[PDB]
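Coming up are structure 1 and structure 2: the same protein chain in two forms, each one given alone as structure tokens.
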Structure 1
């Protein structure tokens, strides 16, 4: 059993990634009210805890951080604000967990659109790192593979 957590600001594609990993948009209908909604098997079972839609509820991310074991720090490349927001979340994990080091991954979602892009690759290099895309299936599985390794 493993528990992975998807963190980030709104409009970043957290939910799009989660569904695209566990099941897939369009190909099948997505029911988020059943036991296996966020569970997938890869040989180990993954439970994705996503803060999508609950961002205003600070207690919800904390509960997810406490139960988590791997963390996906997702941002968008169409929004300057979202990479700036990642500093706080990084530290907030290292306070609920009460540990010194936590296995995590940085994710730069929405790479498929370059004509609207305002952020660069440069910024996320130093703090793994992917320029994934949920809607274009780029690096979707990669995100959740790395966390199980770590």
Structure 2
């Protein structure tokens, strides 16, 4: 069974952990709890084959980012639709990944999380689609860890990207 090393990146508070824990354990983590470095394992079925995912859930701030990128095969870049700053932070991560990999051709997905929180929305879908367009037509989804919208698809889509 192919192993897939996936990495969840993004600023403080966006739901990297909540998405990962929902996908892997089916539980919704309702509580402020900042990450140092968690690694999860999950077997899944993608495009009709069995895939063993190792998912690195990272701290919202840095010194081991460069090593994660070196090692990772696919990257989920997560911001919160609720917080513009978290969205603005993503450009540099993208660029950083391209630097370490020394290429443009990197499995990636832009994820605007907390889409259950419609009335707190500060980042419009458009800005999200727009940014993905700019990133060489990068994959893009809005998700909610809380309601389970698009949670599996974040990870399945990275697996199909890696399988390209």
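If you superpose the two forms and keep the largest set of C-alpha atoms that fall within 1.5 Å, you have the rigid core. Numbering follows the first chain given and starts at 1.
Enquirer: Using the core for the fit, does the CA position of residue 120 change by 2 Å or more between the two structures?
Expert: No, because once the rigid core is superposed, the C-alpha of residue 120 moves less than 2 Å between the two structures.
Enquirer: Comparing between the two structures on the rigid core, is the C-alpha shift at residue 37 2 Å or larger?
Expert: Shift of 2 Å or more: yes.
Enquirer: Determine whether the C-alpha of residue 97 shifts by 2 Å or more between the two structures once the rigid core is superposed.
Expert: Passes the 2 Å threshold, so yes.
Enquirer: For residue 28, what C-alpha shift in Å results between the two structures following superposition on the rigid core?
Expert: It moves 13.7 Å at the C-alpha.
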